[PDB]
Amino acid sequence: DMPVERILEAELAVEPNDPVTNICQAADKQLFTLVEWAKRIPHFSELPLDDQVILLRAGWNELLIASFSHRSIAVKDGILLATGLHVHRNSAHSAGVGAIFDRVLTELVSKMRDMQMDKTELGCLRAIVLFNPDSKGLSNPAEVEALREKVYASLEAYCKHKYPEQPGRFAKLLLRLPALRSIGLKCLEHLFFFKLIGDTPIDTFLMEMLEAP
């Protein structure tokens, strides 16, 4: 009913001077791809359209950060954008965003790397993020909670079967979500500042995500 194979298929289907400008341009492009990803997650497109909107508006930044982070696992001290460009921490630091960039590396990329988080696992974590029953305005929170439950049930089964010798693996994956939440919130604060101050071109879809609410 929530087959990890479909979740993996979703990940696979979507696979590809100022670093802030380059990252923001890439985020705008990846927001289109994000919508196509979400549609491939079982039961998401059967939700009411307004709830699909709520979930993507609530989760886009965590979903995109998870994706580039896992893509960056083999990169030394940097990230790999979907555009193929590598951004090193030195460049982020020299642009005034070293602190948040270092959190990304230390709390997400290195940890994904250290445990060899696989694409099924990444896919499931993202699906958990997508199905966030705390998102405000949801027509039926319980339905989304139920979908989240089916995803983590499937993830645990996957982990226990694929990595039986690591009984804490499942918990380890779920315990990267508070870091992801914190990092996503900080990235949003930054984006709102770039918008306010005018220091960075912000493309239309990214801009829409920054619109009220």
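Numbers for residues come from their place in the sequence shown, where the first is 1. Between two forms, the rigid core is defined as the largest C-alpha subset superposing within 1.5 Å.
Remark: when the other structures in 9 other deposited structures of this protein are fitted onto this one via the rigid core, 82 to 90 deviates more than the alternative among 116 to 124 and 82 to 90, judged by RMS CA distance. Compared with other deposited structures of the same protein, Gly198 does not meet the criterion of being unmodelled in at least one third, since all of those that resolve residues on both sides include it. In the record comparison, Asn17 is unmodelled in at least a third of the other entries of this protein that model the residues flanking it. Counting the deposited residues that fall between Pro16 and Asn17 and carry no coordinates gives a value of 10 or more. The PDB entry records a higher mean C-alpha B factor for 40 to 48 than for its counterpart among 61 to 69 and 40 to 48. Look at the C-alpha B-factors of 157 to 165 and of 52 to 60. On average they run higher in 157 to 165.
Residue-level inspection of the entry shows that, of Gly123, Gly98, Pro141, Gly78, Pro141 has the top Cα B-factor. Out of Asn132, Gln116, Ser91, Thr106, it is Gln116 whose C-alpha atom has the highest B-factor in the PDB entry.
Sort the modelled residues of the chain by CA B factor and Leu12 lands in the highest third.
Ranked within its chain, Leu210 lands in the middle third, by CA B factor from the PDB record. Among the modelled residues of the chain, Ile23 sits in the lowest third by CA temperature factor in this PDB entry. The deposited CA B-factor of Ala82 belongs to the highest third of values across its chain. Remark: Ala74 belongs to the highest third of its chain, ranked by C-alpha B-factor as recorded.
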